[PDB]
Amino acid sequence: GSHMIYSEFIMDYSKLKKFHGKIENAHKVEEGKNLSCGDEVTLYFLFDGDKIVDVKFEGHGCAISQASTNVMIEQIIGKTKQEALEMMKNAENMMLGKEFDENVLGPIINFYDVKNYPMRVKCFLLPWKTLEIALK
């Protein structure tokens, strides 16, 4: 229907199940801080050297944080940790209203409008700020 923040892309990726779960015997596991008022992400990675093979997550979340998470995962599968921490910085840059690179982000750009909601930025960033801390 008509909407404001909850765009067709956000609603579609909020309902995605593909990445829901944990990995048994994981090369990394990072719980997100609760800087987002009770949105939770815990990320489970398989690596294979310096690249990123598989990602999964659990946690109760927001339509926006869930969508942000699903899209984040889907764009860092098959990419280097730095070929991912730079998306992260652009993702963040977009959100804080700074210059950023459109092409690096790919379909993450569909979260642009969320920059216009100060109090929903945290929901978008949660998985990204968790992915940052998970890789340092």
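Counting begins at 1, following the sequence as shown.
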Mean B factor on CA atoms, stretches 55-63 and 28-36, record says higher is 28-36
Of 122-130 and 5-13, the stretch with the higher mean C-alpha B-factor in the deposited entry is 122-130
In this crystal structure's PDB entry, the residue among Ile76, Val41, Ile108, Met95 with the greatest CA B factor is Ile76
On the chain's distribution of Cα B-factors, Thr80 falls within the third called highest
Among the modelled residues of its chain, the C-alpha B-factor of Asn90 falls in the third labelled middle
